[PDB]
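See structure below.
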Amino acid sequence: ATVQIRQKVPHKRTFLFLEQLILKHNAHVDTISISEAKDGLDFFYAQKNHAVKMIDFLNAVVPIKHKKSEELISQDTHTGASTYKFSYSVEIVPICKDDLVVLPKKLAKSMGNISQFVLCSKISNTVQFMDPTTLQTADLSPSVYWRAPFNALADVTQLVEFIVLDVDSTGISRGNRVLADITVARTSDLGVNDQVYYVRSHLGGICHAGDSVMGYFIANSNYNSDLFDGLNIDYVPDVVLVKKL
Amino acid sequence: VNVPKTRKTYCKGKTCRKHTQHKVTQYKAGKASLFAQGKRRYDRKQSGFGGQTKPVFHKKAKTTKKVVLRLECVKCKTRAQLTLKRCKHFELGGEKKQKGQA
Amino acid sequence: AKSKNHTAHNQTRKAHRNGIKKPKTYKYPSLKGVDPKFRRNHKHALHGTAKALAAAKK
Amino acid sequence: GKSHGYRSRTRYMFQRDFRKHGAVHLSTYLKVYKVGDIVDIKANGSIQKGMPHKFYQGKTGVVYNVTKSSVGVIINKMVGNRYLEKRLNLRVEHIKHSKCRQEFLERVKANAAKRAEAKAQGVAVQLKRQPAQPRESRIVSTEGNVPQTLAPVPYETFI
Amino acid sequence: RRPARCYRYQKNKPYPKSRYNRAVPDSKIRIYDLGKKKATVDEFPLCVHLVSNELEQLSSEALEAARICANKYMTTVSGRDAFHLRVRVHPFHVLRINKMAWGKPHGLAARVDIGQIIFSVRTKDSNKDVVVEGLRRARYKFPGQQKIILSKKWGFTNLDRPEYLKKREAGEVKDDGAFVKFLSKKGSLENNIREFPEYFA
RNA sequence: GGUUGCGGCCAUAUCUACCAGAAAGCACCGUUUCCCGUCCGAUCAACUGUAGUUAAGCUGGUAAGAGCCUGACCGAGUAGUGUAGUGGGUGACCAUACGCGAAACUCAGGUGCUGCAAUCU
RNA sequence: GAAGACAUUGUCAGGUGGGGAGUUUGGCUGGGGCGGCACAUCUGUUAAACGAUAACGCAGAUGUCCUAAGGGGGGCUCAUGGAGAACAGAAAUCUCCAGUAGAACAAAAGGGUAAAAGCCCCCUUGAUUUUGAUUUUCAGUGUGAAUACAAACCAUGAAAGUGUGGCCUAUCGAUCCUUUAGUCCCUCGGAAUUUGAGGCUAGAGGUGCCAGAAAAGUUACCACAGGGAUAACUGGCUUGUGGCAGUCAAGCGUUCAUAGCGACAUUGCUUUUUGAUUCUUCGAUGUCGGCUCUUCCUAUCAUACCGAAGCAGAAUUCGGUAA
RNA sequence: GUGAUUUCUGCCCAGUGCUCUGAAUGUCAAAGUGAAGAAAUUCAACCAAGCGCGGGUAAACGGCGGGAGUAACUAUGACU
RNA sequence: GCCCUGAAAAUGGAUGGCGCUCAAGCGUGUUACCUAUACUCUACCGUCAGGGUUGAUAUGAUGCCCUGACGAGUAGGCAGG
RNA sequence: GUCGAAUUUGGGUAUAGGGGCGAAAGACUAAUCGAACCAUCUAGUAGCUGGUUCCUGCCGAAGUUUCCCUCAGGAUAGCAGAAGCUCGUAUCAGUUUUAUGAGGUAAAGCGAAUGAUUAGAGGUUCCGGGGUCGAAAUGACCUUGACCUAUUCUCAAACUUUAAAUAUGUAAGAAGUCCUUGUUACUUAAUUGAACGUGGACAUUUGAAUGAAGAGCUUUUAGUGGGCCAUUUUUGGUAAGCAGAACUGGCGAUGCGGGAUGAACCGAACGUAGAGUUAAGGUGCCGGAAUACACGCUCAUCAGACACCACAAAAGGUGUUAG
């Protein structure tokens, strides 16, 4: 038996996180050995039944999709139990925790009538997206994802330093001090001549003056997704603030 | 990457034929503009029964476009195109680089 | 159904049936690739020495 | 995956030397190349511009073109049952004369002198080379020279 | 563990531990010098070798088992301070097992050639018959066919028995602690007087 | 023959340690108005060859020196290797036949040669 | 009687629509699936001292980054060690001597580099225009990359000179369709003007299955052309493994190496295990087990005669001839 | 749909379906209306159903776990 | 060195069989002898190449004649029948 | 099993093919059902199996390169035949010698760099950590460790100063050499160079060896693109009549003498015959040919008898023979 775990992302973030949580509940009790790979790691389970216990652990914490195959070794004649060698192929959804993700049109109008240009907040069993301009959330089960798989537009490496000047709140809040207009300016164009950006963000409560936040700076990127090309360009924000520090 | 807004390169406009100052802007695609020839053909062929008659490309693998610049001369106003390599971040103008900093 | 991928056996005996023969030479080789500053002068040098033997020696 | 780059398998062949690193000496630049000079190719590893492909290490060609920092060299190369005529453009650090051609020019000047001098006397030009001949008979002397008898040795180990 | 008949002949290229290998089992043999290993060269004149005669591979553990059996014979007969054994052969070649296609590292092996010395013992002249039977009981542990040759040289020094005495009779031999340094004519003349006071006299 | 300028091959020319250097040449050296350049006339610039020295530089000599370099019936026709056998051996591998042939080691010697122009008891 | 300019029917237009129709559901591969990319590429090695060379061989890289990390000139020397200076220590700043690269050069590895190709300053656009010749993979086609010139216009430097992107080896893409720049030229064919449309020359929008289709499952109800090119059974080669037998002796056997046992090592046999391989059969060799019956083998449980013992007898253990 | 009788038929409206005496303008075709143009056209506003939001729905499809701390110690079919 | 022990497999069997013991065995040396479609010489066929020949041969110069070498073959190509 | 009822059954009549009917099996629908029977479109298509008709003469292959949703298939280059054309010692060559280049394998090296590795010794402390004299020291005095100097044992496919053999580049003269001096828009301070010439000189030893059933050039087109074996060099594998490569020879396509027997080994390549002599192997008999000659060894209650090849080991013998 083998639970082949794969994720198609070069920068592993969720793949690091699964190694920490596999040890907390300590699901690795029945591993004969642990091998790794290019884009994941492989496990070895002395009986068939120890592997099905593990997939039911992975179903609760991370979006997966699995299927099985087998092969013959012995072909025993008397009993009939021909001692096959099973294999389980697990694939994770390639969206990371703070990706910039442009939704397709049919999927965006199905859930919440949300705008297509969202972030990600809860990387857990369902993937939760969040519109940073106007706060509204929606969940995406893996059964809805793999029937039409898309990609993430950006990743956690295209983030730029930003320096907050003030926090101008509008007042409406979901649970986390929503829709604060933030006057922000990059670390690069701070000392040189004055260039100021002004944007809404969900980061209203934990944000104060003189602080460093990270965010996507859309105005200088030439993306090449067709979902991004099928938008209305003069509605796209310039900056999407992601996190503090 | 970063390119400046003012670039001095060769002009070919029947009066200059020499290096003059150019302005640098970024290339934008342009509208699809139906009543073109392939569109009036494709508008005829879809009509009727039979459904989709042309292939629709799905398996896309790139993540960047090449950056194209259009260089407009300031004297004779004769534009010229000039391409660059693939890059994920293209802004022009700001952040002239300084090496010695904290 | 695997197959034999690559070999160079019997490829030398096939080449030595018709011969590995030279391009074998020419007088007055072609001036494709020569410095074009040289070819532009070399045109006029032959035209003068043809005119020189034409009028003087007959 | 397989790899067939422009300088593959050239780890040792383009190394410089032992105790000959650094800039090149100036007699390389002062040598003069005319059209038709037989030149050998030996790729210098320091000068990257104008550099022959890894096939042409050691081959020998004819100069047909002379330009600013470079020469043109024709090389016969086999593929299949056929010799092609392939032209290169090498910078002058990578090129050098073949002395075997220059020693032929020195042998021609001797052949003109042997013919002209022996025409005045008037017999027996004798101009060709000859391979080495089996040697003559000769009488060897034992005077002050006794033949020293030898024998095969017994076996010793000394390990 | 596979029997050593599988791993007997030198087939593959030498495959040593390096930064490309990164993982080996530990060597079975660790200690190479036995007996009184702080003894001058003027003490034990007679040297006995064990020369191999077939081009083979000795495992690291066949070197270990023979090293003990040659030891425990010689100490019980002539005492543990009457000999000096030195294993001339170091194992470095890594053997691969295909434990069910590339092999995982399995054990270390030696690369023994014809004429190569495996063991070497230097003793007294009177303590000769104990040593030859001592290496004889180490011969059953190795594969192949080995033979014992008495050395014509003084101990481990690459000089013969009469040749060492005439250089030792002049003040040309000084003892570094386990081995002899020699005088050379070529070199500086002052520093050959700090060393060797008995010569030039 | 000494020196200077310009080089060629790039250790027989470098490296460590002492000693000697007539004549001229180099060099150290002396000043800060200008030209220029520095945190600093130290480096660089400029002015004087005057006030001073061969102490260093530099060339040369010594060392049973270190390195390098040519050699050799020095090791060695050894290790290797092409070709041939219904040759040996259970195999591993080794012999012979026709040919080619190292490196280390050992010993003996060596310690820059030269081109163009100038100038010197 | 109810109904009434509504419904109804006719045509076009959005929504819904496995109730139904049509099709598709990659390749390599120690069977096929899962994985992997050996499917485009790069360095070192395998590779057997020119070149060429394979496997799901080994150790690793790539889909980027850069108006400076590009181009030219000028200054200057680094890694590290030693000896010194308030706070100051193993690590801050300052100084001196040694310092052939042991540093750095955007990145994988391998080349290369010392009055530079490194570090620090000054000025910049050659990362530009016009098309040809050549090298590498190669059919001497494409695409990618590169080298050497010519005609122009420029950068830098006192000047020689170098510069047609990154010190060199990888970093990327056809027809059709859309689009922009260029000459502001050619055509819309009864004749003109203005709009629109079509052309020429040079770019971009992309095919990663990378010489480039637009594409989900299941069949234990199954079908046809075929394959022993290829699996499930016997035979064959092999012996890791399984089974069996030797040698050598450290030690156990209350005090003694071998009565009986035998650590650490080492040489073998066997084909009743199980693996490996795909040679024979897929126009079929009826594929478990038992019942029934004959013969063969010895590596001997019993019976015959013997040898040894830590064999007093009894009972037992070890070994020989012997099927 | 389940399958005589006796006896019971627990909790869950989130997903997917179904459904409604629910709010109003996010999406929003043809026809029609307004503006620019000499006109082909172009551009904007308006904009039915359905979707989306909100409510109901398990004898509809189906689902029924984990983690901590409670006056040393202890952690439940307790409690938070 | 030879030889013996080491040395155990299933139908009855294999230095090819018989059999061999100062060999009809192993090591080795000298001569004689046996025979392939191979080599040497001659005849015969054919193919190929180099040649001679106007007199007729009432004919064939698509013929007659001279000299020399060569001959395997599936797939396939051409030629005379 | 059931036998008075959801019973059995005649005749009439209704339901027809993507349709019927079904107390539900994908059952039945004229011996046909996971979609009938009959005719036509139809000689449907196939990269997949089977067959493919007369003789002789002559020449005679391929399983390899690049590309393809390509791997049971084609295009393309290769090998092959045919038809020839221009010419007839042209100048060529699976070869060697002379001269001259190029390379980093075999070996070698570690008191040579990088990287592993053994043993003691000589040193060094304002400066690793432990005892002692110690109020303490940047004191003295032991031990354990680090470094350091001179030695020592052993190594390397991805280490190297050095560096073979075998292979491989070119040259060995007519288009060549030398003297005189014309041309130009290139080049030079300069009729200085450059490149091409005019005119004269220099011939059979006109520039090493051997061979040349001719040399050069073109057009067109068949089959093939499943290969396998042996020696030496080699990769994965414990190993394989296993998998994957390098140079040459071979079988496939090919008989004949020999290995009893066999696609591949050893001899040797073939028109029909006669005579002669041999190759590889053989000469007790089957069997053509010496129960020849000569010097020794071995006696086996499993002898031994011929390469590829059809097997045997470590270890022991006062069996015997020579050292």
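Which fully enclosed helices (runs of 4 or more DSSP H) of region E:125-201 have 1 or more residues being away from chain D (no Cβ under 14 Å) and within 12 Å of RNA strand J (Cβ to nearest atom)?
Result: E:129-136, E:191-194.
Residue by residue through region D:110-157, note down the ones that are surrounded by 10 or more Cβ atoms within 10 Å (Cβ to Cβ) and β-branched (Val, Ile, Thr).
D:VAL125, D:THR157
Of the residues in region A:194-223, how many are in a helix (DSSP H, G or I) and more than 10 Å from chain B (Cβ to nearest Cβ)? Steps first, please.
At the first step, the residues of region A:194-223 found to be in a helix (DSSP H, G or I) are A:218-220.
Those left that are additionally more than 10 Å from chain B (Cβ to nearest Cβ): A:218.
Adding up the residues that qualify gives 1.
When you scan region E:123-154, how many residues do you find that are surrounded by 16 or more Cβ atoms within 10 Å (Cβ to Cβ), of a type in the set (D, E, K, R) and within 19 Å of E:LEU63 (Cβ to Cβ)?
2
With a cut-off of at least 3 residues that are surrounded by 15 or more Cβ atoms within 10 Å (Cβ to Cβ) and touching an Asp or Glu at 6+ places or on another chain (Cβ under 7 Å), name the strands (runs of 3 or more DSSP E) lying wholly within region D:58-109.
Strands (runs of 3 or more DSSP E) meeting the threshold: D:60-66.
Cβ-Cβ under 6 Å, sequence separation 6+ or interchain: first residue in region E:68-92 and within 18 Å of E:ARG137 (Cβ to Cβ) and more than 14 Å from every other protein chain (Cβ to nearest Cβ), partner more than 14 Å from RNA strand J (Cβ to nearest atom) and of a type in the set (S, T, N, Q). Which pairs?
E:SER78/E:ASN127; E:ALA82/E:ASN127; E:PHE83/E:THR123
Mind telling me which of the residues A:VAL167, A:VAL239, A:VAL144 ends up being touching a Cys at 6+ places or on another chain (Cβ under 6 Å) and either under 30 Å from A:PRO63 (Cα atoms) or among the β-branched types (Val, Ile, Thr) (or both)?
A:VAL167
Scan (1) of a type in the set (A, V, I, L, M); (2) under 30 Å from D:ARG87 (Cα atoms); (3) more than 10 Å from chain D (Cβ to nearest Cβ) for the single condition C:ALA56 breaks and write down its number.
So the condition that C:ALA56 fails would be (2).
Does B:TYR42 satisfy the criteria of being more than 16 Å from RNA strand H (Cβ to nearest atom) and hydroxyl-bearing (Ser, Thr, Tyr)? Break it down stepwise before answering.
Details: more than 16 Å from RNA strand H (Cβ to nearest atom): no; hydroxyl-bearing (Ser, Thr, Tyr): yes.
Judged against the criteria, B:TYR42 is not a match.
Mind checking whether some residue in region C:31-45 is within 11 Å of chain D (Cβ to nearest Cβ), in contact with a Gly (Cβ under 8 Å, 6 or more places away or on another chain) and in a helix (DSSP H, G or I)?
No: zero hits.
Could you list, in sequence order, all residues of region A:109-145 that are within 10 Å of RNA strand H (Cβ to nearest atom), surrounded by 15 or more Cβ atoms within 10 Å (Cβ to Cβ) and closer than 21 Å to A:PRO237 by Cα?
Residues satisfying the conditions are A:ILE114, A:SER115, A:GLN136, A:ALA138.
Somewhere in region D:93-116, is a residue away from RNA strand F (no atom under 16 Å from the Cβ), of a type in the set (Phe, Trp, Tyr) and within 13 Å of chain C (Cβ to nearest Cβ)?
There is no residue in region D:93-116 that is away from RNA strand F (no atom under 16 Å from the Cβ), of a type in the set (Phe, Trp, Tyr) and within 13 Å of chain C (Cβ to nearest Cβ).
Suppose we filter region D:11-32 for residues that are among the aromatic types (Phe, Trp, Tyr), assigned to a loop (DSSP other than H, G, I, E, B) and more than 14 Å from RNA strand J (Cβ to nearest atom); how many remain?
0
Quick one: what pairs do we get from region D:77-88, first residue more than 10 Å from chain C (Cβ to nearest Cβ), second among the β-branched types (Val, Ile, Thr) and in a strand (DSSP E or B), C-beta under 6 Å, 6+ apart or different chains?
The qualifying pairs are D:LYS86/D:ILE75; D:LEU88/D:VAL73.
If a residue must be assigned to a loop (DSSP other than H, G, I, E, B) and more than 12 Å from RNA strand G (Cβ to nearest atom), how many such residues does region E:108-124 contain? Lay out the reasoning, then the answer.
First, the residues of region E:108-124 that are assigned to a loop (DSSP other than H, G, I, E, B): E:110-111, E:113-116, E:124.
Narrowing further to those that are more than 12 Å from RNA strand G (Cβ to nearest atom): E:111, E:113-116, E:124.
Going through region E:108-124 one residue at a time, the tally reaches 6.
Between B:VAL56, B:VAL1, B:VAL24, which is more than 6 Å from RNA strand G (Cβ to nearest atom) and of a type in the set (A, V, I, L, M)? If you could, list the steps in order and put the result at the bottom.
Values: B:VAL56 fails: more than 6 Å from RNA strand G (Cβ to nearest atom); B:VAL1 fails: more than 6 Å from RNA strand G (Cβ to nearest atom).
Exactly one of B:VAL56, B:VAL1, B:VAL24 is more than 6 Å from RNA strand G (Cβ to nearest atom) and of a type in the set (A, V, I, L, M), namely B:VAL24.
Of everything in region E:22-50, what is within 30 Å of E:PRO105 (Cβ to Cβ), out of contact with any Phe, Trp or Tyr (no Cβ under 8 Å at 6 or more places or on another chain) and not aromatic (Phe, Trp, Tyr)? Give them in sequence order.
Here is the first cut: in region E:22-50, the residues within 30 Å of E:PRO105 (Cβ to Cβ) are E:22-34, E:50.
Subsequent filtering for residues that are out of contact with any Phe, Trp or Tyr (no Cβ under 8 Å at 6 or more places or on another chain) retains E:22-33.
Listed by number, the residues that qualify are E:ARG22, E:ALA23, E:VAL24, E:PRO25, E:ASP26, E:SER27, E:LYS28, E:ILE29, E:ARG30, E:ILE31, E:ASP33.
Among the listed residues A:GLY191, A:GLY230, identify the single one that is under 23 Å from the mean Cα position of the chain (by Cα) and either within 14 Å of another protein chain (Cβ to nearest Cβ) or among the charged types (D, E, K, R) (or both). Outline the logic, then answer.
Working: A:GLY191 fails: under 23 Å from the mean Cα position of the chain (by Cα).
Just a single option satisfies the conditions, and that option is A:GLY230.
For A:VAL178, which of the numbered conditions (1) part of a loop (DSSP other than H, G, I, E, B); (2) within 14 Å of chain B (Cβ to nearest Cβ) fails to hold?
(2)
Would you pick out the residues in region E:13-44 that are of a type in the set (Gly, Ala, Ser) and under 22 Å from E:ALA70 (Cβ atoms)?
Result: E:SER27, E:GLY35, E:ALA39.
Taking strands (runs of 3 or more DSSP E) that do not extend beyond region E:5-107, which have at least 1 residues that are at positive phi? Don't jump to the end; show me each part of the working.
On the way: elements: E:33-35, E:46-52, E:84-87, E:93-97.
Strands (runs of 3 or more DSSP E) meeting the threshold: E:33-35.
The conditions are (1) away from chain B (no Cβ under 14 Å); (2) closer than 28 Å to B:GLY30 by Cα; (3) surrounded by 15 or more Cβ atoms within 10 Å (Cβ to Cβ), and A:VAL242 fails exactly one of them. Which is it?
(2)
Looking at (1) of a type outside the set (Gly, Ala, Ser); (2) within 16 Å of RNA strand J (Cβ to nearest atom); (3) in contact with a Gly (Cβ under 7 Å, 6 or more places away or on another chain), can you tell me which one B:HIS58 breaks?
Evaluating B:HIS58 over (1) of a type outside the set (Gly, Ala, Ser); (2) within 16 Å of RNA strand J (Cβ to nearest atom); (3) in contact with a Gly (Cβ under 7 Å, 6 or more places away or on another chain) leaves (3) as the failure.
Could you please tell me which pairs satisfy a Cβ distance under 9 Å, a separation of 6+ or placement on different chains, a first residue in region B:20-41 that is over 23 Å from B:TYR10 (Cα atoms), and a second residue that is among the charged types (D, E, K, R)?
So the pair list comes out as B:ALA32/B:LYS39; B:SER33/B:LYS39; B:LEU34/B:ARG40; B:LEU34/B:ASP43.
Using the structure shown, decide if B:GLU72 is surrounded by 10 or more Cβ atoms within 10 Å (Cβ to Cβ), acidic (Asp, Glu) and at positive phi.
No: the conditions fail for B:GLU72.
Residues to consider are C:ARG13, C:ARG39; find the one that is basic (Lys, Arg), within 18 Å of D:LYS68 (Cα to Cα) and out of contact with any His (no Cβ under 8 Å at 6 or more places or on another chain). Walk me through how you get there before you give the answer.
Working: C:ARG13 fails: within 18 Å of D:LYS68 (Cα to Cα).
Just a single option satisfies the conditions, and that option is C:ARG39.
Run E:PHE92 past the list (1) in contact with a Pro (Cβ under 9 Å, 6 or more places away or on another chain); (2) within 16 Å of RNA strand G (Cβ to nearest atom); (3) of a type in the set (A, V, I, L, M, F, W, C) and report the number of the one that doesn't hold.
Looking at each condition in turn, E:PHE92 falls short on (2).
Got a sec? Which of B:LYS66, B:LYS88, B:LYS59 is under 30 Å from B:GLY38 (Cα atoms), basic (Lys, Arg), within 14 Å of chain A (Cβ to nearest Cβ) and surrounded by 10 or more Cβ atoms within 10 Å (Cβ to Cβ)?
B:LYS66
When you check C:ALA1 against the structure, is it in a loop (DSSP other than H, G, I, E, B), more than 14 Å from chain D (Cβ to nearest Cβ) and not hydroxyl-bearing (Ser, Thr, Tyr), yes or no?
Numbers: in a loop (DSSP other than H, G, I, E, B): yes; more than 14 Å from chain D (Cβ to nearest Cβ): yes; not hydroxyl-bearing (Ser, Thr, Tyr): yes.
So C:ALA1 passes the test.
Heads up, the Cβs are rebuilt from the backbone with ideal geometry, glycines too, and the neighbour counts pull from every protein chain shown. Only the coordinates and a few stated rules stand behind these numbers; no lab work does.
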